[PDB]
Structure formats: C-alpha cells, structure tokens
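Residue numbers (this note's numbering): 1276 to 1403.
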C-alpha cells in the first residue's frame, strides 16, 4: 500500500551531476534497506545502490557506479538521496527506489512507485 517515489531526474551532459531523492515512506524497523535500481529502455533492471536506513547504516554501491555515486539520507526530512557525480552516457535510465522485504526466505525489492527519468548526453552536437 506504501510505494516509494523517485524524483529529481533530468537531462544532463556527460560529466555532469544529479541528485535524485526518495522519501523514506513507510520506513520501519522491518523495512529499512532502500535499494536503487535503474532500467534503461529495452534493457533489464540493474540494481544501483542501497543504504541501511538506520544510524550507522552502510552504503552499498554497484561496481558500475562505485566512486561516482553517493547514497545518503536526511533523518530530519526522512529522505534518502542518491548524489550522482561524473555522470556518463551509460547512467541513462529510469531510476526507482524500493524497500527490501524478505519473502520465501530471500531478499526482495518491493514497493517501488514512480521512477525518475535520467538522460545523459551532449546537447550541442548537430547533424541534419
């Protein structure tokens, strides 16, 4: 009943930065690991980054985005941020935020709502 909305996407050039965001909606002691996954059109889902939504929580990054991305949180605002730096053409996808939930004894990503589109490409190149 509670779904997470990713927001803050947009159009950027290679090497630019973007800070997506996602309100920790329905966060409890049971669901407190929000993962990020992106899906380029036509391609399969690709997990991106995760954070443990507890004090001292850890920060997981996939090898593709490691060193360039930086997950974080604001407890006062109850919001997780995904600070994207050194953006590349490969980061072009729709990004969602999801809560981890254990079903059938395995870790599942659940409760993702509206994604945020991100497009990374030059804008000052022309050819008829």
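From the three backbone atoms N, C-alpha and C, an ideal C-beta is built for every residue, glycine too.
State the DSSP-derived secondary structure class of residue i, mapped to helix, strand or coil.
i            : result
residue 1338 : coil
residue 1305 : coil
residue 1299 : coil
Give me the Cβ distance between residue i and residue j, rounded to the nearest whole Å; I'm assuming they're in contact under 8 Å.
i            : j            : result
residue 1316 : residue 1395 : The pair is not a contact, with the Cβ atoms about 14 Å apart (cut-off 8 Å).
residue 1283 : residue 1295 : 4 Å
residue 1306 : residue 1374 : 4 Å
residue 1355 : residue 1285 : The Cβ separation is near 18 Å, so there is no contact.
residue 1370 : residue 1391 : 5 Å
Near residue i, what residues of its chain come up, given a Cβ to Cβ distance below 8 Å and the 5 sequence neighbours on each side ignored?
i            : result
residue 1337 : 1321, 1322, 1323 and 1324
residue 1397 : 1288 and 1289
In the DSSP assignment, what residue or residues form a beta bridge with residue i?
i            : result
residue 1321 : 1313
residue 1369 : 1314 and 1392
residue 1344 : 1359
residue 1282 : 1296
residue 1374 : 1309 and 1385
Counting C-beta neighbours from all protein chains within 10 Å, is the total for residue i 16 or more, i.e. buried, or is it exposed?
i            : result
residue 1384 : buried
residue 1349 : exposed
residue 1359 : buried
residue 1377 : exposed
residue 1406 : What is shown of the chain runs 1276 to 1403, which leaves residue 1406 out entirely.
residue 1299 : buried
residue 1357 : buried
Suppose the cutoff is 6 Å on Cβ atoms and the five residues either side in sequence are ignored; what does the same chain contact list for residue i look like?
i            : result
residue 1327 : 1308 and 1333
Leaving out five residues before and five after residue i in sequence, what residues of the same chain have Cβ atoms less than 7 Å from its Cβ?
i            : result
residue 1312 : 1320, 1321, 1322, 1323, 1371, 1373 and 1384
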